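Per chain, numbering begins at 1; letters A, B, ... match sequence-line order. Basis for what follows: all heavy atoms, side chains included, without hydrogens, waters or symmetry-related copies.
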Amino acid sequence: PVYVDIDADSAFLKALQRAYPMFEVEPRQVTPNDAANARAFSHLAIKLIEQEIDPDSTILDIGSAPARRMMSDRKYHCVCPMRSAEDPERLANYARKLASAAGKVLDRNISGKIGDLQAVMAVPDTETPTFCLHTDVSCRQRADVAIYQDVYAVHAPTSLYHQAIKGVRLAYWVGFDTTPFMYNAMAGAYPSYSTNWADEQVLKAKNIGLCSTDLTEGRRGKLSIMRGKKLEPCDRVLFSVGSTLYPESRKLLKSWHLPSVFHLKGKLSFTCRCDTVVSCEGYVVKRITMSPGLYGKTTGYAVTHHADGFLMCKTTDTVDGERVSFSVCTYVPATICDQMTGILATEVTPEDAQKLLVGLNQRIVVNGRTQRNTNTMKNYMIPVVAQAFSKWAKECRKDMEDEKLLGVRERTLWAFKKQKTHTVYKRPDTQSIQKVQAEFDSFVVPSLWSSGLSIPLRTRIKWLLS
Amino acid sequence: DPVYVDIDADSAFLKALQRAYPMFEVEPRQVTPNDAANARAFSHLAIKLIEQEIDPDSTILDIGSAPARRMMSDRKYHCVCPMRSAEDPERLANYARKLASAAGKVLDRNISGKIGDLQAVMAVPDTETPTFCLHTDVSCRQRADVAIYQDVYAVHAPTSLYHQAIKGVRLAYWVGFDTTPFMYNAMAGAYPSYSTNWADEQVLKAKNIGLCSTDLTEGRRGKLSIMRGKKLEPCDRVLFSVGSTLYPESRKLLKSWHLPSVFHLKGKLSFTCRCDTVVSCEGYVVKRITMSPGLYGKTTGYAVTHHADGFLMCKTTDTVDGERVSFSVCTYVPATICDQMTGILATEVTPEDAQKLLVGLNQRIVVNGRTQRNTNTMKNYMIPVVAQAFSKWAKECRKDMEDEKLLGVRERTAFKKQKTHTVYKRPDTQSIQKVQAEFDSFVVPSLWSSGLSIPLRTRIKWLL
Amino acid sequence: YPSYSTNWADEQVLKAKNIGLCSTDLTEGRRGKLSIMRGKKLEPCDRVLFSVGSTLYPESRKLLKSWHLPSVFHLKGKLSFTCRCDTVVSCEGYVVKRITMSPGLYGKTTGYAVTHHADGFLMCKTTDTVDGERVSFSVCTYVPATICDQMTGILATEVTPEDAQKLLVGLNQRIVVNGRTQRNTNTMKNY
Amino acid sequence: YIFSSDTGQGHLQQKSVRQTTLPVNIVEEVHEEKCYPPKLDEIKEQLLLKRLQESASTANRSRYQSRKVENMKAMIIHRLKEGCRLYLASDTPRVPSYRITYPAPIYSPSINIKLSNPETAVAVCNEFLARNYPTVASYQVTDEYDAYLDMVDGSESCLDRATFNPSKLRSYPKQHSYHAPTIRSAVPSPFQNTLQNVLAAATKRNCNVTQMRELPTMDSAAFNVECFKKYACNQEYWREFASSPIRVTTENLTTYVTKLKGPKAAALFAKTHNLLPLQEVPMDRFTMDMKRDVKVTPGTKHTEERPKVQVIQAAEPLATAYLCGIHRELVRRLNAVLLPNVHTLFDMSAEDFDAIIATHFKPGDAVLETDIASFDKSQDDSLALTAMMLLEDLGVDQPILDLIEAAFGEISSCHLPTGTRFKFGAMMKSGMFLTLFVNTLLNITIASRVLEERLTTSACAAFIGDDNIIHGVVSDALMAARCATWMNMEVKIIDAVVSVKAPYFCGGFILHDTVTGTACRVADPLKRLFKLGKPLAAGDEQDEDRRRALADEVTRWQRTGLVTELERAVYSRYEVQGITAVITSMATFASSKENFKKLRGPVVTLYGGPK
Ligand SMILES: Nc1nc2c(ncn2[C@@H]2O[C@H](COP(=O)(O)OP(=O)(O)OP(=O)(O)O)[C@@H](O)[C@H]2O)c(=O)[nH]1
Ligand SMILES: Nc1nc2c(ncn2[C@@H]2O[C@H](COP(=O)(O)OP(=O)(O)OP(=O)(O)O)[C@@H](O)[C@H]2O)c(=O)[nH]1
Ligand SMILES: Nc1ncnc2c1ncn2[C@@H]1O[C@H](COP(=O)(O)OP(=O)(O)OP(=O)(O)O)[C@@H](O)[C@H]1O
Ligand SMILES: Nc1ncnc2c1ncn2[C@@H]1O[C@H](COP(=O)(O)OP(=O)(O)OP(=O)(O)O)[C@@H](O)[C@H]1O
Ligand SMILES: [Zn+2]
Ligand SMILES: [Zn+2]
């Protein structure tokens with residue numbers, strides 16, 4: 001049995017059980033965290049990964065919290081640079097836990113861990129079988145398994161290549177789905193995990209999931225600088241999971257949307273694959289296998305399978321008192337989409353679509369009881385979804401009165417006309433395909449390392465371990 | 001293991017407390033008909049939670065606290081009690097009376113030790129003691145590792161935190177009201193779940209707000225005075241009323257506690273800090289702050305607030321001192337009410353119609369076995385202002401769909417700005433603000449003087 | 001104060017017609033009479049009469065208002081003191097207060113008094129005939145909390161006084177607590 | 001039906017006969033109503049018809065129909081009188097009767113509350129349905145293809161003694177046009193006239209055989225009439241009534257025919273050419289009629305199982321016209337022998353009922369309500385003997401009894417469109433002109449026998465149809481043991497307490513006022529609410545009688561001193577909250593003609609049009 005720290009009566013139990021049929025999930029709540037669903041999936045995923053691989057193998061952790069892998073029966077080697085504000089707190093916590101258990105559990109090599117930690121504090125540049133202060137590039141430890149857990153700050157082709165030359169043949173990745181960022185969207189949401197993300201240029205919106213605005217009366221004309229006349233996505237994106245803020249970049253996010261098969265050239269050559277194992281309403285688990293040599297050929301295509309509804313439409317909002325338009329995206333439950341196919345055969349107004357969605361939402365498993373009746377979908381996304389369906393139905397009609405010849409195109413001499421597109425709707429049991437790059441032969445190493453540890457921090461750890 | 005609170009047995013606030021503290025069991029026990037019972041229940045449970053995770057045999061600093069409330073605890077406390085309010089002399093006398101009457105009967109909690117430390121401080125008012133002190137937060141010399149702030153709004157947070165970290169403090173806690181409404185520059189607001197109202201000093205003669213008073217008049221067709229106005233903007237004077245008690249406060253000190261996620265403190269020594277929110281319940285929040293020496297990472301200067309209940313802010317028209325003006329009012333709305341109004345707001349609703357539906361939806365549940373057959377989800381005196389806000393929100397949303405622009409480009413003339421009269425934050429939505437995350441200027445006057453009197457000294461010595 | 005059968009009135013309106021403490025006599029409407037003094041003003045004076053049941057007490061406004069102490073205030077003279085005032089228990093307008101005094105000057109004052117209402121409070125303008133002459137003044141009273149809650153919906157529109165009177169009567173009679181014998185069970189006095 | 005139907009026509013009258021202008025009860029005498037004898041005139045019709053052509057704005061036409069209908073009524077009397085020459089009799093001296101009167105009722109003032117936007121009213125009603133009834137609010141996702149789905153699956157039936165032609169069992173749907181409803185209640189449309197539906201309706205199996213007219217059957221009937229006459233009737237009229245029979249008389253026919261309307265008189269006139277004599281008309285032959293409306297009750301049961309099909313067994317048109325003049329006399333005689341504390345709804349109005357129970361029901365009083373619908377009256381032959389014994393004691397003339405008896409034995413039914421034959425044994429429910437009377441008599445007899453002397457000592461008892469209410473009676477084991485002689489589910493009983501669990505009677509609630517302190521009866525709001533979600537057939541122009549009926553019913557709901565009581569009564573019966581908003585929504589709908597148009601939508605046509 002596996003115990004999760006979520007409420008004993010919630011709609012997320014069914015999804016977790018369906019995605020993990022080889023376990024038994026039992027709820028046991030001890031803390032009112034605001035991101036319980038996010039932590040529950042990660043706990044189950046890491047338990048499955050360590051169970052799928054054989055024992056007596058060495059494992060690397062790129063983004064590692066040493067206190068998390070302290071009571072495990074495996075062999076973890078942690079790579080812990082000092083480039084984040086979280087790092088000093090985590091290191092002190094790790095030292096306190098080690099010193100607080102020295103004669104209670106003599107089964108996890110506690111004495112070795114303390115000895116390895118002390119050696120590193122003496123010489124920062126030394127390497128130990130358990131701890132080090134290098135990066136994913138400067139580390140020089142041999143193993144065969146690597147694990148990535150919620151890592152978005154590295155370049156995937158470069159990081160994978162440096163791990164291969166050290167004898168690693170298997171890798172794992174756990175994180176958010178990167179499909180919405182391949183469609184070049186402006187904002188989006190993950191309703192099941194209370195996650196909202198938005199571009200930096202629309203942080204002063206009015207009716208989106210992450211914005212803030214003031215009260216104004218209205219003025220005609222304002223002083224300004226040279227006209228922009230453009231509104232396009234930029235490289236900076238802000239994430240908000242629960243009540244915690246994370247900044248991200250678009251280029252590093254799209255680099256993890258790896259193709260089905262790709263080649264890694266350079267000094268040594270390898271062939272690679274990529275498969276998706278677990279998918280649940282936004283989280284995915286990916287497995288990568290690597291082998292020396294060069295075999296076969298590459299097509300440079302990526303495929304995503306949709307078990308739920310995916311929507312992307314165009315909306316009008318007032319940003320800092322000025323009316324503009326951009327695009328958003330979200331997810332829809334499968335049951336809602338299946339029951340809306342009878343009304344989309346004709347043209348409907350947004351008001352009528354909204355009324356049907358509301359009436360179809362309160363239908364819950366526990367019927368009139370409001371304990372487990374958390375509704376099928378969150379109510380704050382209904383207005384925008386209703387508009388998307390109305391636009392889709394209108395566009396699906398005009399195609400019917402403009403039938404053309406079978407086989408030939410039409411140019412009216414030159415200048416063939418393009419049509420309007422305001423919504424994209426991917427129904428369940430469909431697939432999406434994009435074109436990407438599948439050949440990399442450009443690798444560069446800085447070959448320079450700078451320490452990040454300080455004197456007062458080193459003294460505190462030594463005192464704690466005393 | 002059970003926790004006792006001074007709350008009436010059949011009350012609706014018990015469910016909220018149980019969900020906010022799932023690791024405890026709460027059972028009511030009423031002995032006093034206080035007018036602010038809900039406010040004290042949260043603070044009692046918060047202190048029990050905080051002291052449970054901290055490592056024992058560790059010293060804790062208290063800033064501006066009454067030593068009487070912490071006498072039976074089995075921890076080590078260092079009380080920092082200056083003399084700058086009309087409350088302090090009463091608290092000191094009560095502490096001495098309880099301490100003297102507890103001698104011998106309680107053979108624990110170091111009663112015999114600290115009973116002889118109070119007289120030592122009274123002898124020389126400039127000495128340190130492991131139990132008592134008489135300086136300010138920036139003048140104490142005791143060294144510890146944990147600091148606790150409880151209902152403190154009279155200090156500058158960047159300055160106070162820096163002084164505590166110099167002495168070697170790596171953890172801090174804060175308990176108090178949410179500071180979100182004061183980042184929106186509002187004139188008046190309410191906390192209906194805790195019977196708390198607050199208003200600006202310029203609108204104390206209003207008619208239909210939470211805290212005001214007016215008189216009858218007949219009307220003068222044109223009155224000339226010696227005052228010039230044509231300005232109405234918030235100032236740095238706010239009055240709080242919790243139950244029947246009044247507290248004057250300032251906006252600048254309130255906004256200083258809305259700390260960002262990551263900030264740097266630079267000076268003779270340097271530290272990096274973080275701020276997280278642990279417990280939130282309809283207005284009360286608990287914040288945990290960790291500090292560490294050195295320079296690490298990067299800062300962005302943003303603050304994020306997560307809404308579990310609906311947050312509303314609208315524009316209202318009232319009559320202040322016989323004159324008609326307009327300002328802004330903010331309040332909180334329960335989640336269940338917001339969810340059931342989704343289908344109605346799609347159409348066009350007048351303020352009169354919206355008020356009638358809210359009243360019908362309010363009285364519900366109707367428990368017969370428990371409480372009374374009639375129960376109200378939200379306080380009735382805030383319904384008229386709430387119904388007005390929804391009407392304005394529905395009109396603005398409809399006007400945007402009728403005027404759609406092109407994708408990508410914005411048209412200039414240097415542009416026309418539309419009017420906004422309502423801000424509505426639905427449940428499960430986050431708001432983001434921009435603040436300062438780099439502090440380097442710190443001033444330490446340290447002109448401390450003994451704020452004490454001979455008659456008070458004589459009374460304490462003779463009573464003890 | 002309806003819950004305690006107490007009525008008070010100013011000395012100048014003792015000959016009114018429709019208040020809780022007054023007395024008058026029948027007249028036919030004799031128009032006329034002349035005098036020298038010209039009032040032209042009707043304002044409160046420093047004479048108030050109290051009636052608790054059948055007992056009469058005369059009071060003064062100045063001494064009554066002197067007990068509305070603020071939260072904090074200072075006493076200055078040969079010796080200096082600082083002190084507070086708090087409210088402990090209140091029940092439909094009859095309260096108990098506690099004052100603690102200490103020697104010395106500490107803190108600063110603001111000069112504000114706060115009152116918490118657990119039930120409705122009304123003050124309106126009424127028209128009545130005092131000694132046969134029509135005048136207008138102000139009256140105050142208390143209202144039960146449960147009555148105020150149930151009138152929220154009606155007050156959303158414009159309602160005539162007669163319609164409001166009929167609605168109030170229907171809400172007054174209440175049946176759940178009668179015990180099948182008390183029947184009447186008035187929530188508030190009908191006068 | 002009884003009090004009032006959807007169109008406000010009802011079964012009760014609208015004239016008060018039980019009202020007095022004194023604060024005490026006064027006994028009075030029952031009188032007779034004189035009827036104007038119709039007369040024949042042809043010269044007036046000829047001149048009026050010619051004068052109709054030259055000028056006719058609005059009232060000139062009305063004089064023609066009045067003259068034309070009056071001529072038809074006289075012709076019917078002349079033809080009908082000649083047929084029953086062997087049964088016609090004269091007027092004998094009558095037996096006087098007396099009745100009790102009551103003071104007028106007192107009502108509380110009413111205040112009207114309504115919204116403004118009609119679309120908001122629909123949203124409130126839809127929100128109410130979804131919150132309380134989740135499954136009902138999500139059924140409708142497409143059009144109404146119920147007829148097609150019934151054809152795809154086969155026919156299942158449970159018949160007995162029936163014949164039909166298999167070559168005519170085909171159920172392809174025909175054209176169907178209607179208006180799309182706005183309220184999300186899924187009220188089904190009336191069924192189509194097919195052979196499949198007829199067999200589905202007649203899926204009842206009541207084949208039970210007992211002693212027809214033997215000694216054990218007579219003994220049970222003899223005891224039943226003894227209990228009725230000992231515990232529910234006084235002894236001051238039996239010997240006088242037996243001496244004076246009841247026979248067919250010219251005054252009975254003249255009064256009856258004059259009360260018919262225009263279209264009814266014309267239909268009867270069309271069947272007077274080949275007029276059969278009274279002794280030639282068969283009394284055990286019926287026809288089958290299907291045109292009905294489905295009955296739905298609050299709850300979630302019609303979204304899971306298909307509802308049943310209602311049928312009507314119509315008797316001979318001449319049979320119900322020859323003998324329908326004796327109903328008035330039977331009602332008068334029955335009311336004369338009953339005790340003062342036992343009442344029957346016959347010959348009353350809405351106001352009279354309120355005045356009777358004005359000062360009897362108070363909070364904290366136990367009321368027993370019992371229905372006898374769930375009982376197989378065809379199993380025992382003694383249920384028919386008891387009714388005949390009561391009828392004979394009332395003074396029915398002997399040859400007329402034989403004609404009545406012939407309709408309570410073996411009967412046959414036929415379906416004209418398909419030529420389907422059905423045979424039934426002893427049956428109580430039918431379409432004859434003694435159905436309410438016999439059911440009322442049996443209802444009183446059953447209650448009297450079970451309750452014994454507890455019925456005599458009571459404050460107020462009311463009996464009508466298959467429903468009854470008795471004051472101050474609780475449920476004990478004595479009635480269970482008495483009723484368990486044969487089985488246990490003969491009747492259904494429910495205990496009610498005033499101001500705690502409101503009693504239910506004839507689709508209404510009995511509530512005690514607060515301002516005045518008197519009892520009153522009001523309608524059921526949830527039953528109305530589900531009814532507005534019923535589709536309207538195209539071409540119907542009956543959207544004005546319903547608005548007036550709704551307006552009258554809304555006013556009675558908003559009386560002061562009944563708002564709180566109505567809330568508790570509905571919750572204690574259906575476990576639903578928030579009905580004040582629904583009543584307010586109903587108020588704005590019944591305010592104007594255009595406001596009533598928001599309950600309909602665009603016309604949808606199915607199975608029609610070769611395009
Ligand atoms: N976009 C983004 N999400 C992250 C990152 N790190 C963690 N998360 C997710 O945020 C969720 C909440 O994490 P928190 O508990 O608030 O922060 P923490 O200190 O790392 O603690 P744990 O996640 O429980 O180990 C995690 O479950 C992750 O799924 C990150 O670096 N970037
Ligand atoms: N705005 C503001 N609120 C306060 C302050 N101090 C306390 N409060 C809150 O007001 C509530 C009223 O508490 P009290 O009835 O005065 O009793 P107490 O909390 O034990 O503290 P005392 O004032 O010493 O009696 C407290 O529970 C606090 O939540 C303050 O200084 N400013
Ligand atoms: N090679 C690496 N480069 C950068 N970070 C690494 C590397 N290896 C591990 N990490 C860890 O990744 C985490 C993210 O560090 P980052 O530089 O992105 O700062 P951040 O802004 O706080 O995080 P984020 O950009 O995801 O919001 C750090 O804790 C770091 O220890
Ligand atoms: N710099 C400080 N350090 C420690 N305690 C302080 C400091 N300033 C004020 N206090 C404490 O605050 C408590 C009461 O608040 P304060 O001193 O501001 O008086 P006040 O004006 O009456 O109330 P308020 O806090 O609302 O301004 C006092 O007990 C005082 O000891
Ligand atoms: Zn390493
Ligand atoms: Zn000190």
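- Counting all heavy atoms, side chain and backbone alike, D/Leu391 lies closest to D/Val396 at O-CG2, 3.2 Å.
- Residues D/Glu70 and D/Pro38 form a side-chain contact, since some pair of their non-hydrogen atoms from C-beta on lies under 4.5 Å apart.
- When each of D/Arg546, D/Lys534, D/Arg600 is tested with D/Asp540 by the rule salt bridge (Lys or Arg N to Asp or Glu O under 4.0 Å), just one qualifies, namely D/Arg546.
- Counting all heavy atoms, side chain and backbone alike, D/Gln558 lies closest to D/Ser110 at O-OG, 3.5 Å.
- Taking all atoms of both residues into account, the shortest heavy-atom contact from D/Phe589 to D/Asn595 is CD2-O, 3.6 Å.
- Two residues are said to be in side-chain contact when any heavy atoms from C-beta on lie closer than 4.5 Å; D/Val309 and D/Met290 meet this criterion.
- Panel note: side chain D/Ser572, backbone D/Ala569; a donor-acceptor pair is recorded below 3.5 Å.
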Trace of the side chain to side chain contact (heavy atoms under 4.5 Å, CB included) decision for D/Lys81 with D/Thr250:
CA-CA 7 Å; D/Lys81 186 183 287 185; D/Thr250 300; 3.6 Å; yes
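- In this structure, the side chains of D/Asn193 and D/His415 come closer than 4.5 Å at one or more pairs of heavy atoms.
- Counting only distance, with no hydrogens or angles, the side chain of D/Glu567 and the backbone of D/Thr580 share a donor-acceptor pair below 3.5 Å.
- Contact of the D/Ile246 side chain with the D/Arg333 side chain is registered, since non-hydrogen atoms from C-beta on lie closer than 4.5 Å.
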Steps toward side chain to side chain donor-acceptor pair (under 3.5 Å) verdict (D/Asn443, D/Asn468)
CA-CA 8 Å; D/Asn443 190 3; D/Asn468 61 58; 3.1 Å; yes
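- Heavy atoms of other residues, nucleotides or ligands lying less than 6.0 angstrom from CD of D/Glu544 number more than 12.
- The environment of D/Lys492 atom NZ is dense: over 12 non-hydrogen atoms of other residues, nucleotides or ligands sit within 6.0 angstrom.
- Checked options D/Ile469, D/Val522, D/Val367; the residue passing with D/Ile510 is D/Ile469 (criterion: side chain to side chain contact (heavy atoms under 4.5 Å, CB included)).
- Taking all atoms of both residues into account, the shortest heavy-atom contact from D/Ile2 to D/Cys506 is CG2-SG, 4.3 Å.
- Side-chain atoms of D/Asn71 come within 3.5 Å of backbone N or O of D/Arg67 as a donor-acceptor pair.
- Between the side chain of D/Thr7 and the main chain of D/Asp545, no donor-acceptor pair closer than 3.5 Å is present.
- Using a cutoff of 4.0 Å between basic side-chain nitrogens and carboxylate oxygens, D/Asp543 and D/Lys597 are not scored as salt-bridged.
- By the 4.5 Å heavy-atom criterion applied to side chains, D/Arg332 and D/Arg328 are not counted as neighbours.
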For the pair D/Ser349 and D/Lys15, evaluate side chain to side chain contact (heavy atoms under 4.5 Å, CB included) and give the outcome as yes or no after the intermediate values.
CA-CA 7 Å; D/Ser349 79; D/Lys15 182 63 72 69; over 6 Å; no
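- Between D/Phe505 and D/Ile464 there is a side-chain heavy-atom pair separated by less than 4.5 Å.
- The neighbour count for D/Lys598 NZ, taken as heavy atoms of other residues, nucleotides or ligands under 6.0 Å away, is above 12.
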Step-by-step side chain to side chain contact (heavy atoms under 4.5 Å, CB included) determination, D/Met283 to D/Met432
CA-CA 10 Å; D/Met283 290 271 159; D/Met432 65 179 288; over 6 Å; no
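- Side-chain N/O atoms of D/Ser413 and D/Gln313 include a donor and acceptor closer than 3.5 Å.
- Ring centroids of D/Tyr504 and D/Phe509 are separated by less than 6.0 Å, placing the two rings close together.
- Checked by atom type and distance alone, the side chain of D/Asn60 pairs as donor or acceptor with a backbone atom of D/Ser57 at under 3.5 Å.
- Using modelled atom types, no side-chain atom of D/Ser591 and backbone atom of D/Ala587 make a donor-acceptor pair closer than 3.5 Å.
- Residue D/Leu129 forms a side chain to side chain contact (heavy atoms under 4.5 Å, CB included) with just one option from D/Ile183, D/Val582, D/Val136, and that option is D/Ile183.
- Under the 3.5 Å distance criterion, the side-chain polar atoms of D/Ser66 are matched with a main-chain donor or acceptor of D/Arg63.
- At distances below 3.5 Å, not a single donor-acceptor pair connects side-chain atoms of D/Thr588 with backbone N or O atoms of D/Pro118.
- The side-chain heavy atoms of D/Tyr178 and D/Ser189, taken from C-beta on, include no pair separated by under 4.5 Å.
- Side-chain atoms of D/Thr518 do not come within 3.5 Å of backbone N or O of D/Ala358 as any donor-acceptor pair.
- A cation-pi arrangement is present between D/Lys34 and D/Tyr36 under the rule of less than 6.0 angstrom and at most 45 degrees off the ring axis.
- If you check the side chains of D/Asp354 and D/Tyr107, you find a donor sitting under 3.5 Å from an acceptor.
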Could you please spell out the steps behind the side chain to side chain contact (heavy atoms under 4.5 Å, CB included) verdict for D/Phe422 and D/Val198?
CA-CA 11 Å; D/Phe422 281 102; D/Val198 171; 4.3 Å; yes
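- Of all heavy-atom pairs spanning D/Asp146 and D/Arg306, the tightest one is OD2-NH2, 3.7 Å.
- Donor-acceptor pairing under 3.5 Å is recorded for the side chains of D/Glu594 and D/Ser592.
- The aromatic ring centres of D/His471 and D/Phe361 sit less than 6.0 Å apart.
- In this structure, D/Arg285 places its CZ atom where only 12 or fewer heavy-atom neighbours from other residues, nucleotides or ligands lie under 6.0 Å away.
- Checked by atom type and distance alone, the side chain of D/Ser5 never pairs as donor or acceptor with a backbone atom of D/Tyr1 at under 3.5 Å.
- Within 6.0 Å of the NE2 atom in D/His78, the count of heavy atoms belonging to other residues, nucleotides or ligands does not exceed 12.
- Summarising the geometry of D/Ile312 relative to D/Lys291, their closest heavy-atom pair is CD1-O, 4.1 Å, with the distance given to 0.1 Å.
- In this structure the side chain of D/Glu144 never reaches within 4.5 angstrom of the side chain of D/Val604, judged on heavy atoms.
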